[PDB]
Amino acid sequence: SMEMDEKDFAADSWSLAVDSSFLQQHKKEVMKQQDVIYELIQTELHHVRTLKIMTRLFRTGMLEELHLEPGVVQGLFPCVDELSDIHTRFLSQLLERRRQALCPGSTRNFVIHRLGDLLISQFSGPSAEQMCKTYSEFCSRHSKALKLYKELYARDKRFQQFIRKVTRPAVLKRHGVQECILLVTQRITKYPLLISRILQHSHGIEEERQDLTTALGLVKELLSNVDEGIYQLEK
């Protein structure tokens, strides 16, 4: 994470992130719609931070500090670079859409009127196919990754030392190897919950209600295809 985005998403909601006089200028439905959008971006930020912990802290740490076969590290952290590139581009697009919506002279007061188009482009076409193929692979390799980590911790003492060091900071409390792997699997099932609650407060602009409805169906078609392509691997 970068301090700019950590501070921008430090607040518990959009109502507490924007200035109090700025909040007082808007309708209740606007405050509710923006609170759910802010959360979609907040959790997307946390999702990319999780994927960076897996790539730079755990994965890269095991390559430089340990004498493990590169095929073993690939089994512990499958498709993490592809997932990192996929969601980093999405977070990028969500963060730019927030900066375009920013009030001139302010760095925290914003109202996003268009989100649907951003989601339709992410959850459709070749971008969605890349993501569907990536998550079907990740989730089919998820068990073998948990089992491989557990075998390495119950045979190698230098791997045990490495895990105690990297995860020692309080920052990594809920973010160990196995927690990160499950964090990445549960992520795709969060989107229809977020987009449905966003859609619920987007009945002002009609093109926007249709965009969020089109994206909602796109996320469900995608989830159904990731679920259909899962086929658990064994050691």
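We number the residues from 1 along the sequence you see. Take the two forms, superpose them, and find the largest set of C-alpha atoms that agree within 1.5 Å; that set is the rigid core.
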{"property": "Comparing 67-75 and 119-127 where Cα RMS over structures and residues is taken in 9 other deposited structures of this protein (core fit), larger one", "result": "67-75"}
{"property": "Selected stretch [higher average CA B-factor]: 22-30 or 183-191", "result": "22-30"}
{"property": "67-75 or 95-103, whichever carries the higher mean Cα B-factor", "result": "67-75"}
{"property": "Candidate residues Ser143, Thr88, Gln160, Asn109, the one whose C-alpha B factor the record puts highest", "result": "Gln160"}
{"property": "Chain-relative CA temperature factor third for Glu151", "result": "highest"}
{"property": "For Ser202, the third of its chain into which the C-alpha B factor falls", "result": "highest"}
{"property": "B-factor third for the C-alpha atom of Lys52 within its chain", "result": "lowest"}
{"property": "CA B-factor placement of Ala11, once the chain's modelled residues are sorted into thirds", "result": "lowest"}
{"property": "Ranked against its chain, the third holding the CA B-factor of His175", "result": "lowest"}
